[PDB]
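In: Show me how the following folds:
(chains A, B, C, D and E, ligands or ions: 1)
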Amino acid sequence: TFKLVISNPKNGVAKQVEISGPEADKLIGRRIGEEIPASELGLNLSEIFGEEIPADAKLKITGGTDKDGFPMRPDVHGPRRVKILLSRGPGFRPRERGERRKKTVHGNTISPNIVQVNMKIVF
Amino acid sequence: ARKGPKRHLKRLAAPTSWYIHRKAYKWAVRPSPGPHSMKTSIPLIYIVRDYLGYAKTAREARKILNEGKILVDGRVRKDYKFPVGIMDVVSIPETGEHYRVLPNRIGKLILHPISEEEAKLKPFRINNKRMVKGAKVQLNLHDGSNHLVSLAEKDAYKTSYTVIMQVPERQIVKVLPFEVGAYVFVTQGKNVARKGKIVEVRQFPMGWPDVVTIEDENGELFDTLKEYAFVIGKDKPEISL
Amino acid sequence: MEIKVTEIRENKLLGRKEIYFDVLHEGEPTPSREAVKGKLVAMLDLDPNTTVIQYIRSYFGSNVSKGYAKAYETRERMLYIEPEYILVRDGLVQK
Amino acid sequence: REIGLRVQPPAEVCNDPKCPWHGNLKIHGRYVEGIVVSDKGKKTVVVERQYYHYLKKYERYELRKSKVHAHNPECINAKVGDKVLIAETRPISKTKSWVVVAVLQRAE
RNA sequence: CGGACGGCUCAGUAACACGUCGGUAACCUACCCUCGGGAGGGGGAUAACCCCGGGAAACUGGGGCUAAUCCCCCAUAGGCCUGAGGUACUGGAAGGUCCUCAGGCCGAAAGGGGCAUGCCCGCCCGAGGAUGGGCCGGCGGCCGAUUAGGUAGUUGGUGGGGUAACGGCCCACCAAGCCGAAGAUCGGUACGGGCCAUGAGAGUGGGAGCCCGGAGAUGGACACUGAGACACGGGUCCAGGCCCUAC
Ligand SMILES: [Zn+2]
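Out: Numbers count the residues shown, from 1 in each chain, chains lettered A, B, ... in the order given. I have put the structure below:
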């Protein structure tokens, strides 16, 4: 079960929806930086985004969040967790010059441990 | 343990050249770096407040200072930490007052009142010399200031001579050399604030400074160091002591 | 009570007249700020405003107290230089 | 170069840049006289001098000795027994900060 | 911009840690002063703000829009190395500064803000000083021989690396030196001084409170940012202790 936040870089609006069942299993194994059609999952965008969006449009996975509140970092390979002592973003906000803190992040791959998934519409 | 420089100063640790009460309080104004040294200078707020008595607190002193009502060497000074030193001139034009800063026979600094005519001149002691790009000569003076001169007239400026200069615009007049008949005013040591004429110089080997003998007008002789002998005249003074 | 001015002093930078005076009260208590101000202004031709009393002080056995007063040219320079606690203590400002 | 001590230079020459004469080493500070005690190292000498310390309680004195290690150039090649003059300089090794400048009297 | 000061304590340390005299011609320095010179031409992102959020929390994700005394790039000044000459400066004394030539690496800047019809506060380079520090040296100050030999990068040299800088500080090679009965090494106790108590004085004893210096922030080790820290109220790990939890 996933909550999709689908955002358009055309108007600046986003919509939240749900996905459950076998159409969800098409995401597990996928990574950040990979493109996916919208019908592959079982939803059309003119229905929900509002007025009209053409067909043929695909979606790009940009981020996500684990069920415990730990976000995904593209440059960390795997569907697992890590503590890495990073210095910038995503997944930490410095609040000072030269500040570093060892943080808990999820990896570059999607897994059933996830709740949130951020998608960007491509044109 | 200390990880850096100091920013405070306690009153029991203040230099002896000051007229200050050491037990009344715990804290003193730490001067800021500037022209003179710490053992040879006193800030401005102490002058405004404890010497002349134009203020009883420090807010009032800051307030008069931030309005250009006090000058030092013909220049406005708004910083209550600025160090004032020997041969410097304090001017209040709203009261017509002009003072020259000098030490006592005890080693403490005072204010000698002078006139508006002599308030426009300041003597300087040449403390070193350098050659800088453009083939020019740079004289390094005794207040940490500097002057530029051409190569053609380098032999006329040496490392103990004295130079009189209009203070604000900083133009030279009346160089004075270091010879065997020049008038002198001692600035540090055991014989501070004395005055007389030079008699003899003496050099020594391998790092030890040079010594000079002096004769006061009562006829008595006394020695001191050559860097402590400020030259102010040839046969008589040019300023008021 | 008698009031005897010992010293007046001029200040051009802050714009004030500083006044050191003695009070003589033989057999009476230490007088009040209102009375001392009244006498000062009556005797030196000053404004009941633009004038503050910094302190009235009594000593061990003297029957002779001392005072310090300041007279300003302008109420503006006054409110700018002087702090508020003496102004309230005198009555020239309401907290 | 004529270093500032008013002694006479040696009647030799060296290429070592660690010699006050003939080289780039510069001297400053104090200078003393002593006697050579040992020269078993290469271009290194051990110098000794003596003085008297005073005991305030017993109103008497006490002879004390002082040892230093000094650089020894090859134009001025001192040996055990020489009365010599040493001067202070920058740290040359772990235990050497003085240098020999002139032999005042050579032993037999 | 500042938080590296101030404030607390006396564990460790018998040491160039402290005191005093000297030195750096072997070094660094934001705020400050003086003098001499400069501000040319282009580009970019991103917080706040709007849409949608997730997690028990602590914390934190995606998309759109935007500015600077924010960030980046060209140029010119300037910084550093080396070689060959000239000898103008200081100094007690030039592996220093200045002049000329040559071959090369790095490489600035905010004419911004305010008042006003020029004044106030400011930006960058250089030469010097001041302020504050790092390093070196001579002298000086406990007890123990039921502790007598210790040291093996240990002592020096030649050549180099690295440091802000000299240096076995570290490395490669050649030698056999260094300390010691005037007591080394080892062990014990202990922050050092100005000072204090006592005594006729010589002298004996102590050194918590105030000042100057040093060291530490539960034990120990390691790093980032900055002129400056291996950083009490900032970071990482191990050990040992405690707390919240929806585990
Ligand atoms: Zn030689």
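In: check contacts around the residue of chain D found nearest RNA strand E.
Out: Proximity to RNA strand E, evaluated over chain D using C-beta to the nearest atom of the strand, is greatest for residue D:4 at 2.9 Å. From N, CA and C alone the C-beta is placed, and that goes for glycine too. Contact analysis of residue D:4 by C-beta atoms under 8 Å, 6 or more residues apart in numbering or on different chains lists B:205-207.
In: Can you show me the helices along the chain?
Out: Going with chain A. A:22-25 (DSSP state H).
In: um, chain B though
Out: Under DSSP H, chain B gives helices at B:44-46, B:58-65.
In: mind putting those in TSV, distance to residue B:193 and mean neighbour count included?
Out: Formatted as TSV, those follow (distance: least, C-beta to C-beta, whole Å; neighbours: other C-beta atoms under 10 Å in any protein chain shown):
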stretch	distance to residue B:193	mean neighbour count
helix B:44-46	20	20
helix B:58-65	28	17
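In: and those helices as CSV, adding distance to RNA strand E?
Out: Listed next are the helices of chain B as CSV, based on distance: least, C-beta to the nearest atom of the strand, whole Å:
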stretch, distance to RNA strand E
helix B:44-46, 12
helix B:58-65, 12
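In: What backbone torsions are found at residue 41?
Out: No chain was given, so I picked chain A. Phi and psi for residue A:41, reported as degrees, to the nearest 10, are phi -110, psi -20.
In: Wait, chain C was what I had in mind.
Out: phi -70, psi -40.
In: Same question for the one 3 residues further on.
Out: Per-residue torsions, residue C:44: phi -110, psi 10 (degrees, to the nearest 10).
In: give the contact list for it.
Out: C:5, C:19, C:71.
In: Can you tell me which of the residues you listed are buried?
Out: C:19, C:71 (16 or more other C-beta atoms under 10 Å in any protein chain shown).
In: returning to that earlier point: kindly reformat the contacts of residue D:4 as JSON lines and extend each row with distance to residue B:156.
Out: Formatted as JSON lines, the contacts of residue D:4 follow (distance: C-beta to C-beta, whole Å):
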{"residue": "B:205", "distance to residue B:156": "29"}
{"residue": "B:206", "distance to residue B:156": "30"}
{"residue": "B:207", "distance to residue B:156": "28"}
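In: By neighbours, which of the residues you listed wins?
Out: residue B:206 (15 neighbours; other C-beta atoms under 10 Å in any protein chain shown).
In: what number of residues lie near the spatially closest residue to residue A:115 that is not a sequence neighbour?
Out: The shortest distance from residue A:115 to any non-neighbouring residue, by C-beta to C-beta, 6 or more residues apart in numbering or on different chains, is to residue A:67 (4.9 Å). Neighbourhood size, residue A:67 [other C-beta under 10 Å]: 11.
In: likewise residue A:3?
Out: By the criterion of other C-beta under 10 Å, residue A:3 has 15 neighbours.
In: contacting residues around residue 67?
Out: The chain I'm using is chain A. When contacts are counted by C-beta under 8 Å, 6+ apart, residue A:67 touches A:113-115.
In: The chain in question should be chain C.
Out: The contact partners of residue C:67, by C-beta under 8 Å, 6+ apart, come to C:19-23, C:36, C:53, C:55-57.
In: partner strands of whichever helix or strand it is part of, parallel or antiparallel?
Out: Using DSSP states H and E, residue C:67 sits in strand C:64-72. Paired neighbours of strand C:64-72 in the sheet (DSSP bridges): strand C:16-24 (antiparallel), strand C:51-57 (antiparallel).
In: Go through the contacts of residue A:67 and give me the one with the most neighbours.
Out: Neighbour counts for those, by other C-beta under 10 Å, peak at residue A:114, which reaches 21 neighbours.
In: Residue B:122 and the ion, how far apart?
Out: According to C-beta to the ion, to the nearest Å, residue B:122 stands 50 Å off from the ion.
In: what about that residue, how many neighbours?
Out: Neighbour tally, residue B:122, other C-beta under 10 Å: 21.
In: Does it have any beta-bridge partners, and if so which?
Out: With DSSP bridges applied, residue B:122 shows beta-bridge pairing to residue B:165.
In: which residues sit in contact with it?
Out: B:73, B:87-89, B:164-165, B:167.
In: Make TSV out of the residues you listed and add distance to residue B:192 and neighbour count.
Out: Below are the contacts of residue B:122 laid out as TSV (distance: C-beta to C-beta, whole Å; neighbours: other C-beta atoms under 10 Å in any protein chain shown):
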residue	distance to residue B:192	neighbour count
B:73	23	20
B:87	14	20
B:88	17	20
B:89	20	20
B:164	22	17
B:165	24	20
B:167	24	18
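In: from those, which is closest to chain C?
Out: Proximity of these to chain C (C-beta to the nearest C-beta) peaks at residue B:89, which lies at 18.0 Å.
In: Name the residues of stretch B:174-182 that are buried.
Out: The neighbour-count check on stretch B:174-182 (16+ other C-beta under 10 Å) flags B:176, B:178, B:182 as buried.
In: quick one: which of these sit in strands?
Out: If you go by DSSP state E, these have residue B:176 in strands.
In: And the buried residues of stretch B:174-182, which is closest to chain C?
Out: Distances from chain C to the buried residues of stretch B:174-182, taken by C-beta to the nearest C-beta, are shortest for residue B:176, at 36.4 Å.
In: what bridges to the closest one?
Out: Beta-bridge partners of residue B:176, as defined by DSSP bridges: residue B:162.
In: Assess the claim that it and residue B:164 are in contact.
Out: Yes - look at residue B:176 against residue B:164 with C-beta atoms under 8 Å: they come within range, at 7.3 Å.
In: Show me the common contact partners of the two, please.
Out: residue B:238.
In: can you tell me which helix or strand the spatially most central residue of chain D belongs to?
Out: With distances taken as C-alpha atoms, centre = their mean, residue D:86 lies nearest the centre of chain D, 2.8 Å away. Using DSSP H and E, residue D:86 falls within strand D:83-88.
In: Partner strands of that strand, with direction?
Out: strand D:31-38 (antiparallel), strand D:98-105 (antiparallel).
In: Most tightly packed of these?
Out: Highest mean neighbour count of the strands paired with strand D:83-88: strand D:98-105, a mean of 18 (counted as mean count of other C-beta atoms under 10 Å in any protein chain shown).
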